[PDB]
There are 2 protein chains.
Amino acid sequence: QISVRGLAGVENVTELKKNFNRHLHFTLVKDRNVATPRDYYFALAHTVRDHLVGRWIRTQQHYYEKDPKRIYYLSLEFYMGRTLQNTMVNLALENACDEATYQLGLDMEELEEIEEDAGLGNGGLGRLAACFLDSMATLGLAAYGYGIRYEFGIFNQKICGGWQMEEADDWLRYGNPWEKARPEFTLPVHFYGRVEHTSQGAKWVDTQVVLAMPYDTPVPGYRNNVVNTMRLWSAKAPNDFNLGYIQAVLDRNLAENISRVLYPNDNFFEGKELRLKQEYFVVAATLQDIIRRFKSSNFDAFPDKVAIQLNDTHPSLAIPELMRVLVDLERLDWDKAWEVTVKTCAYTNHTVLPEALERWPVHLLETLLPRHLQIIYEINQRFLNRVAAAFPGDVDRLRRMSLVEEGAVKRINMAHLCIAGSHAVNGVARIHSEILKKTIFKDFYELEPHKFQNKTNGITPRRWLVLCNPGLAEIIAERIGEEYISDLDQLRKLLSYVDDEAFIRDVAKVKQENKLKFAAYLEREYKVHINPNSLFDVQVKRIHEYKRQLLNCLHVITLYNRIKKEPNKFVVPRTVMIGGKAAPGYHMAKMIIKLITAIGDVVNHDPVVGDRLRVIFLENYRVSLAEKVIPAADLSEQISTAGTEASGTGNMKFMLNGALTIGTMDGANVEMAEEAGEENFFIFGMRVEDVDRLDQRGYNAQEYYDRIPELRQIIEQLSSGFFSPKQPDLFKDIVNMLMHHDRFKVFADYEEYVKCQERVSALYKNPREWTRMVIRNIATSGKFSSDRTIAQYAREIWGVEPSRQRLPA
Amino acid sequence: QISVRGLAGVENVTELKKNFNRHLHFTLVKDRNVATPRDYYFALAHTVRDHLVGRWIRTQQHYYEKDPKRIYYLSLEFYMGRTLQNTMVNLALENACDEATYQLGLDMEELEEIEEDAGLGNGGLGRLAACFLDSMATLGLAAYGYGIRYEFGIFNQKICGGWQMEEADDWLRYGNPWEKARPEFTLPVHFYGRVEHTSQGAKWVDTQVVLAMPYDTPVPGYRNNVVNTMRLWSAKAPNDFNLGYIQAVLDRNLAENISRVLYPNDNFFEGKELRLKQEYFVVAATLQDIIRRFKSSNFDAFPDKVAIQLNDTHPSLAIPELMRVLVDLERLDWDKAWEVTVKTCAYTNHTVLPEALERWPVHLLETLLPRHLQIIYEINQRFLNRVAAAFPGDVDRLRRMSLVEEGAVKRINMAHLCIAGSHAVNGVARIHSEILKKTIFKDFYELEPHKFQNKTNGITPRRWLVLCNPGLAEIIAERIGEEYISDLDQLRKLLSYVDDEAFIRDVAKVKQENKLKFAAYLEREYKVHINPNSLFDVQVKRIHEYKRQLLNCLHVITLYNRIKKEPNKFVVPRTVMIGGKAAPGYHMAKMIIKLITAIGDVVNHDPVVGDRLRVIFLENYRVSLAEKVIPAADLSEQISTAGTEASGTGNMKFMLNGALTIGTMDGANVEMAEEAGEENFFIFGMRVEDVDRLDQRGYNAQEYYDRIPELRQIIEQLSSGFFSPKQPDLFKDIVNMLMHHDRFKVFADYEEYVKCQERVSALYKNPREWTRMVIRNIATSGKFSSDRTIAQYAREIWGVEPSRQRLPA
Ligand SMILES: Cc1cccc(-c2cc(=O)c3c(O)cc(O)cc3o2)c1
Ligand SMILES: Cc1cccc(-c2cc(=O)c3c(O)cc(O)cc3o2)c1
């Protein structure tokens, strides 16, 4: 149909159809008369998978022959989403499959909707892992994603009475055709036990064994015939485990619980044992596998053959574990083992928010990982000796820099461990990386300035343009060709089309189509009625105080109060859509969801309002909902308090997809505004510097309440039950927090936000100029490709060269 | 190679090879350089499965068009064993696959050994279910095996220090290529709750829901192109289950425990809740499915379209459940629902031993199945009203016949429920069925004589001859053709070959080859050295007091003591092999294993003994070990106390396979001796009548001890630590039981056993006459085909006609 979806040749289509029918019959054991849409999805899934297999085998073969340096991306989270469409895109099969399925009388788009998201992540961090794998495959790096195959991913979000309810995400119920179990590569992971000191070193004994069984999922590069591997570990009990009889068998579930469920916290540390077990499990199994591969190519060459990237501190135990293997098992001396470790490991920091930093109680590590604790103490001692020597007499520095925190309970600072044991530490946006050096890691920076880097985040333009927004991909392809899909910087060529009437018309047409398609999706799947001519004002992301969905709420109520004051005045109509999951134990986040829906209950049913203002809570925000709503958005809401959002990646998704951004100078927003020009961005609010100024003198919210009548009105409405008639005080916690303990200074940004929002409405009234500004955004979005990011990691951290050369078919 | 294994045509072989390589590549994602024997097994498994699929789809299609009466075999146990070889046999693919694999340079027999047994059964009962499915498919009945897909089957048995250790049978670890999950046919099963009485009937409310997900396994008939289904249910939690968050997800394991593990008790009732849950689970899901099918063809026709066979009382709740559906959900009146139920259901009794009879406490049923209990009470009342009217004034009868037992705790007699709610009740051998009518069900018989039938057990000659003993199958085929494989009565034609020198030579040659092959298997897999010229004296079966492995032990020690008395006298050399699992909680059974191995420790290391007497405990007796050891046996030990072994099926396996039988007039032994002639059978010991005589006067073991010096010697040796030097009193429980509380009268049969064993040795010294008697056994074994059995069930219970007509390919 459209060009970027590849060729639908007569041979190709005939082949796909016959393989489809082969799978329906032999794989699914169905015939045409009993097959459900789900059977059909499966037959197609198996058919597309068949095209991966040759390339997968060849690619892994190739890495064996060539023996390049191997990159190991360790993450507790891989937020993959659906695999089918992505596979077709990267293999150029999309049109062929559309055609083939069409001829069997099936709608491919309908079958695509049947696939479960692999929701093995919370948000930004998990999705970054997923874009990375895609980019690493596209850039022909010998790269492996290593994580945990959780039985249950991020919970499914239901709204009941405007409240979030959680349901188990049973994503494996119907099978996963993408994975391949590899029982033959099963490895033991050890827990508990005790340390025995002998003549020939320390020994870890009387451990409990859990087995780690790997599942391999193919990761196809973009049209380069490279297929990398994501290896996820499953926990399995050994067969002598507990071995009255019945209970012993039933108690196997204790061991296997390790890989049962993803912890649903976003930028929040919960110090639970099961979480530490997950962290050790993935690290122990991965390291063994890494070392097995290495030995099948002394340890001096390890760092020339291995890079290990730590995605946050979640896999920080990789550092003590590598030491443990090198010292205790391989019999290297400390100093050599340590050199190998530092040169192997690199650490990506994802946030500066203190609630997110992993500080594990010592008593937990003492029981669970007694040897790792000893190794940690040893690292700490030697590290602090370096500090002492560099900064003699600075006792305070020693305290601040220690891996071990004194206090109520002793804790290990996992971030301190990561910096000590890594040759590179990066933040995820320029401003975030600067903050790391100015603030939380100032001390570490002064010791080892060479370690601290920036690697600004990116997104894959495969999933995030071609896949989710084929209409926009095509009109771009029409002008500048297809080369940009794997070289996003080429989008700059679009700047010469900013005064082109045809292009302006096309850009606006795709947006309108996306909006119609999304408005219809709302009706079908959730029985809700939105005006497609309204401005689509979208804030989608995890529900957090720092991300200030509440600021958006205040704007929404303001628009509402303004309409009621002057019903007969013109306002640019808006659909305000807010979506995201709250962590199940995060009371305040659960309250914000309730407020959002409660505002909707009032606003959407007011006859005076008309279709001038709608408030929609988008249920079950996940990767596949993002693919739908982001192409449909006009305004991207990126309104975190300056200094809190380390980077963000949503912001990039919307830039790429023809939305304008309203946002603070926070995270990658800064680099985005710099790329597009400040005049093509709706920047408001305090800068980092202003927030600091407010902190020194003290944040008094009352001041804002006293001076801004519009704001006082909102707060009175909240307090008095305007938005909760049956429970007048439902929102007392919200009001109380805003007035007395707002860490995120919602009121401070209120005035500048509302004014800046007026400027958005003003520009929306002028379609041609709106669209021209959109063009200037899309055209400068190239920096925010994960290909750029990965190329930077490869050159400046991993010490490998990216490649765009095809492997042979 | 050999004829009964089918044709290896050039097209066939070429096809198999290319499909093998297709699977290796696409299914297994391996190439030739990385494939393990296990990969190869899998590729072949997938290749053979492909040949089933067409026939499976066609067969189920056919049952839809023709709409015949459907047989539902409900069992908690299906002891399937391996599927690969069986599939090849029934599809005539065995030679083709041998050839194809040979040309790829693989040994098919080596790959066959990689397959896990589906050990979803304990012993006789479970294996009977498996032979039945085979026969039902061979006789073209529209039949469905319904059970539970246990994650863990019968435990793997290790011997450590001569003691049984249990290990989890993780049979699904590497995948099961035979099953097909059918998530779309998932059904809710309800538990707990309470009963509400309304205007329009009783209602079962506030229940916990567990989901039952079915897995279908194909059951191929012998060369008739019929493929039936075994549907096994897996327990799955609903997604709102428990739904702080983490624990809720982890607690899903409570619900799913239902299908986790097979209870490893053989002829023993354990009144545990989890077992009752398993029993309800399989019944609830099966009935719903049965009814769904029926409605897609009023309830008057149900019994013309449905037969439900209850394999023991394990699925007895089918009766109250059917009532519950008909009365509470479908709104039939009691009497009509009851008529439908009785005409639908039939009950097979498997034992008369009281320890085996299911007597569920009322308090358990009250909590778990409150409605079923009410229905049970209602059945009881109406049943006892019939009894009262037929036997006025016989208050005692009423007590004896009640479904509800009075006492310490009230219990439901599940057997009483089965008789009341079934139109047919059968035993499993003539003598067993007679005992049912004379003793435990005398009262029920007098009320409804028409209900009581015999259906003597059988075994499938597919698995139990062709598959495990191809050499014997062939020499038979050479003389009389192949027709006997699906018509075992034709073995009678062999009687005219009893004086044929060539046949005698061939029969003896196959036995010798089987023995050599098995002796070698012992060396390879278990590093043990046996003389292949010895008589192979084999007792393989679950370890039980009633089966009197101890009697065998007494014989073994006798032979030993006789050798030591007269070292320089000739004795026919014997390898005595004893194998079987003990239930994990069955202390006495665990002691017998220890005694067996302890005898081995003494006997096998005595230089005076030479290779004249060896004692081997065969570890991990299971279906696939039976396939190996049974073809290799000379003497089948069937030595249960008369009246205890309801039938036995091992006895039949050995008859078919060229062993002579030493046994009591117990179970099917009686019919076997009747078929072959008593003079071709080594019958010894008390009859049923003699045991009764001993019971009236009282069993004094001391008497036997006082009168039989040979026996006194053994008992003194046991007592004084001859067989346990380091723990002199290890076997005090054994001695004490034999002397004071032997329910099975081991000493009573001792003298007659030892003498009869001498007659076996005498005949073994004369190979020609041994072999002639063997011929007379094989030739009369035809009655013991499960095809005869199933044909009898079909005609006299289910009301359907068997068929040997092929379905079209
Ligand atoms: C970064 C930040 C700033 C403020 C608050 C939070 C946060 C996130 C959570 O997921 C959370 C939780 O699950 C339970 C809880 O009791 C408190 C929590 O607080 C995180
Ligand atoms: C038929 C029969 C006659 C005598 C004994 C048994 C028998 C079988 C068992 O599996 C068993 C057990 O698992 C635990 C136990 O405490 C006692 C048991 O007794 C069965």
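Values below: every heavy atom of this structure, side chains too, minus hydrogens, waters and symmetry copies. Reminder, nothing fancy here: chain letters follow the sequence lines and each chain counts from 1.
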Quiz prompt | Aromatic ring proximity, centroids under 6.0 angstrom, A:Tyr586 and A:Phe268 | solution = no
Quiz item: Think A:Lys515 forms a cation-pi with A:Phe536, using NZ or CZ under 6.0 Å from the six-ring centre and within 45 degrees of its axis?
Solution: yes
Quiz item: Side chains of A:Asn267 and A:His350: is there a donor and an acceptor less than 3.5 Å apart?
Solution: no
Quiz item: Got A:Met414 and A:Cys418 here, is their nearest side-chain heavy-atom distance under 4.5 Å?
Solution: no
Quiz item: More than 12 heavy atoms of other residues, nucleotides or ligands under 6.0 Å from CD of A:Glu679: is that the case?
Solution: yes
Self-check item: Side-chain donor/acceptor of A:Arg82 to backbone N/O of A:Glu115, under 3.5 Å
Solution: yes
Practice problem: Please say which of A:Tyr72, A:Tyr73, A:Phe132 ends up in a ring-ring contact (aromatic ring centres under 6.0 Å, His included) with A:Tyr144. | Solution: A:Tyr72
Exercise. Find out whether the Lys NZ or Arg CZ of A:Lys451 is both under 6.0 angstrom from the six-membered ring centre of A:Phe444 and within 45° of the ring's axis.
Key: no
Quiz item: Quick one: which of A:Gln85, A:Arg462, A:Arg463 gives a side chain to side chain contact (heavy atoms under 4.5 Å, CB included) with A:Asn90?
Solution: A:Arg462
Quiz item: Of all residues at least two apart in sequence or in a different chain, which pass the side-chain contact (heavy atoms from CB on, under 4.5 Å) check with A:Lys590?
Solution: A:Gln164, A:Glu166, A:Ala582, A:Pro584
Quiz item: Given A:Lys628, which of A:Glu525, A:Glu113, A:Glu109 fulfils the salt bridge (charged side-chain N to carboxylate O under 4.0 Å, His left out) condition?
Solution: A:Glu113
Practice problem: Could you pull out the closest heavy-atom pair between A:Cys756 and A:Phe682, with the gap in Å? | Solution: SG-CB, 3.6 Å
